[PDB]
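In: this one's experimental. Sequence and coordinates below.
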Amino acid sequence: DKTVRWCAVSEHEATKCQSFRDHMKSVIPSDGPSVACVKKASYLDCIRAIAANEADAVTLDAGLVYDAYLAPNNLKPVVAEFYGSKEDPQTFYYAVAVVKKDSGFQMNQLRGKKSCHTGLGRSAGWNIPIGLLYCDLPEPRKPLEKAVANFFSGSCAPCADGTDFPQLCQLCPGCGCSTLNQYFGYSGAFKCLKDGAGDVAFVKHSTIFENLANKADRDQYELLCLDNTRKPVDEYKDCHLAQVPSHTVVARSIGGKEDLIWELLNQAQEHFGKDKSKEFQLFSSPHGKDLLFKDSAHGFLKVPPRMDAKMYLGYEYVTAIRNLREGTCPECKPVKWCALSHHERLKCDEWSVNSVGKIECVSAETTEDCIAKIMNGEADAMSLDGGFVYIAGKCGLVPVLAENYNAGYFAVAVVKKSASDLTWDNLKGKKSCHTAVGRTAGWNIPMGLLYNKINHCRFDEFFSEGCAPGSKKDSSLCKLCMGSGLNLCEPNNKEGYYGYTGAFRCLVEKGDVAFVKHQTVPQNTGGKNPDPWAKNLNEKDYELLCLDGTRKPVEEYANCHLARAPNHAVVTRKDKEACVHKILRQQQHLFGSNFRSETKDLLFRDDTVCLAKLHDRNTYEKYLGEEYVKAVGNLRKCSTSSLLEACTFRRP
Ligand SMILES: [Cr+3]
């Protein structure tokens, strides 16, 4: 049946679950979804019941979202409660470390400072900061309060054991666990900072705004970023200890009924949600507060499919709570490289052994899966087209090293010379060949500039037909692709018109125009490419389209290009930046131009001589450049990316 077994953890919850079930029966057709109510003793029993296939769904705080994803439960987030509005939905809060302007210390210098905590046991004010700080704490690290009391010179930790650890109540004698304590709760711990008692205050992004109405006052405060720099208090999105989901419905990963759950809760919110004012109300109960959902919720949002627990919680949160849960601290260490194929994996393997392990290897099925592994620490680095750096960026990773091949490569529009009528100005109703959608040369530049002419990104209705791997299988821009069966129109090397070369091949065989890079025609003409399609081609038979409306020969790309290409680039997490720079330059200043593939273009492109420091352009926005970014923002209206949908769900 189309039935969601909801798990309750109390008699009151079970009663609301039953009223829920009975009221849904009135609003939903026989073919629609229904509720069953299962009552357990605790959130952990509910997690186990759901994993046992005795229940389907429960709503959890972020600590329990974490418990629920660990084996053997293997549960994941499927629906989010949201608070206030739509344009701004407040699905998450941010744990931040607030400090005074000019106190002159960074996160890696908290040892010896005076800390303000909302309350011992609370997330923003204790579990996250002490989680992150866990391994800077002095041995022995158990009992944990003792070790915290031995790290901050003094603190106000509400509800800590002041009697056995007085240092923790220096700033609030007694450690009062109630509002009768002036330094308790979010405003308490902030007040503790303001009133000059302490140096740092572990609170949420929003506390300072709730407690200081005038910008002038807030300008006297900053945030500690995990990168050991500071930022103003309204830049919390880029400077926080952890991003925290407020209330999260979870299911089984495999066969969890995610879709029924969403269908149920969505019709549940249209009929019974905020301000719908029926006798039954999803977000309150005469039986008690916060039953089955927070009473403060304004609705539900579907969790994007690509999302797992580790990505929903995010790197920073998992790090903090995994330290807290496991309590495991160590002794630069290996760079885990991510391979996209058996060819990349064998190359990476031989790199590992010819480098004393200073390089380890971990492989995944697509670029997006690899990126997702770098986000969450299963992996550390991989080199990416401009288009994928944008995604890796929106997903919170930074570029460290660019690939160099001599400002980098040039995106050019190639035509067959004989069709001399063809011009950049009018390609309407002509046949296009792109490397893949969301790549620099193939799409983001060409279609970038194109979007500007036609105020829309529905390109399968500008071009007659084409080959643009990563397009929807039933699009006019998959009709020229050459892969057979499931591989037709895939953006991997099982589709022969994939990449710079494929797209040129596409032009040779089927299309009018190919969007590729300046050295692509030369490398696959004159016999340099021996493959049947390329072998007998002559460079002279191909021209480039120039912006002004004219044409020029291939080798004349200097004055006939569409735009300069952001070079391909290695990317990693901010916490790995330093170490990737160190170990790759120590690998390339040994195995550089002393980058060769048993196949072709493995790991890094084969025409790659050195890996350049970026100096100051170590952000996706500063590395890709202002104009490249505007373009992709224009193109994401029509983008089909499952990772970016997940990443932008956590950061619009
Ligand atoms: Cr590229």
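Out: That came through, no problem. Numbering: from 1, shown residues only.

In: for the longest helix along the chain, packing partners?
Out: Longest helix of the chain, by residue count under DSSP state H: helix 11-27. The contact analysis (3 or more C-beta pairs under 8 Å, 6 or more residues apart in numbering; DSSP states H and E) places helix 11-27 against strand 3-8, strand 34-39, helix 258-272. Backbone N, C-alpha and C define where each C-beta goes, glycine included.

In: hey, which of these is tucked in deepest?
Out: strand 3-8 (a mean of 22; mean count of other C-beta atoms under 10 Å).

In: so what's the gap between it and the chain middle?
Out: Counting by C-alpha atoms, centre = their mean, to the nearest Å, strand 3-8 is centred 30 Å from the centre of its parent chain.

In: ditto for stretch 429-449
Out: With C-alpha atoms, centre = their mean, you get 24 Å for stretch 429-449.

In: follow-up on the earlier one: the longest helix of the chain: which residues count as buried?
Out: 12, 13, 14, 15, 16, 17, 18, 19, 20, 21, 23, 24 (16 or more other C-beta atoms under 10 Å).

In: what residues are up against residue 516?
Out: Each residue near residue 516 by C-beta atoms under 8 Å, 6 or more residues apart in numbering is listed here: 411, 412, 414, 435, 441, 442, 500, 503, 504.

In: quick one, what contacts the third one?
Out: To tie it back to what came earlier, the one meant is residue 414. So residue 414 contacts 504, 507, 513, 514, 516, 520, 521, 542, 543, 544, 545, 554 (C-beta under 8 Å, 6+ apart).

In: in helices, which of these appear?
Out: Among the contacts of residue 414, the ones falling in helices (DSSP H) are 504, 507, 520, 521.

In: select from the residues you listed the one having the most neighbours.
Out: Using other C-beta atoms under 10 Å as the neighbour criterion, residue 504 leads these with 29 neighbours.

In: so that one makes contact with residue 521?
Out: Yes: if you go by C-beta atoms under 8 Å, residue 504 and residue 521 touch, sitting 6.3 Å apart.

In: which of the helices or strands spans residue 450?
Out: helix 446-454 (DSSP states H and E).

In: strand partners (parallel or antiparallel) of the next helix or strand after that helix?
Out: Once the chain leaves helix 446-454, the next helix or strand it forms, by DSSP H and E, is strand 466-467. Paired neighbours of strand 466-467 in the sheet (DSSP bridges): strand 432-434 (parallel).

In: okay, buried residues for the partner strand please.
Out: 432, 433, 434.

In: quick one: it near the ion?
Out: No: using C-beta under 5 Å from the ion, strand 432-434 stays clear of the ion, coming no nearer than 11.5 Å.

In: which other residues reach that strand?
Out: 442-443, 446-447, 459, 463, 466-469, 477, 480, 497, 503-504, 506-507, 510-515.

In: try it again at 6 Å.
Out: Contacting residues not belonging to strand 432-434 are listed as 442-443, 463, 466-468, 503, 506-507, 511, 513-515 [C-beta atoms under 6 Å, 6 or more residues apart in numbering].

In: re the thing from before, neighbour-wise, which of the contacts of residue 516 leads?
Out: residue 435 leads those on contacts (other C-beta under 10 Å) with 33 neighbours.

In: what separates that residue from the ion, distance-wise?
Out: Look at residue 435 and the ion: by C-beta to the ion, to the nearest Å, they are 7 Å apart.

In: my read: residue 272 touches residue 282, true?
Out: Yes: under the criterion of C-beta atoms under 6 Å, residue 272 makes contact with residue 282 at 4.4 Å.

In: quick check: closest non-adjacent residue to residue 651.
Out: Using C-beta to C-beta, 6 or more residues apart in numbering and skipping the chain neighbours, the partner closest in space to residue 651 is residue 237 (6.5 Å).

In: what about the helices in the stretch 251-400 of the chain?
Out: Using DSSP state H, counting those that start in this stretch, the helices of the stretch 251-400 of the chain run over 258-272, 309-313, 315-326, 342-353, 367-376, 386-394.

In: please enumerate residues in contact with the shortest one?
Out: Looking back up the chat, that one is helix 309-313. By C-beta under 6 Å, 6+ apart, helix 309-313 touches 69, 76, 77, 318, 376.

In: which among these gets closest to the ion?
Out: residue 376 (25.4 Å; C-beta to the ion).

In: show me which pair in the contacts of strand 432-434 is furthest apart.
Out: 443 and 507 (15.5 Å; C-beta to C-beta).

In: which single residue of the stretch 551-652 of the chain ends up nearest the ion?
Out: For the stretch 551-652 of the chain, C-beta to the ion, closest residue to the ion: residue 568, 5.6 Å.

In: number of nearby residues for that residue?
Out: 23.

In: for it, what are its contacts?
Out: Counting by C-beta under 6 Å, 6+ apart, residue 568 has contacts 383, 385, 403, 605.
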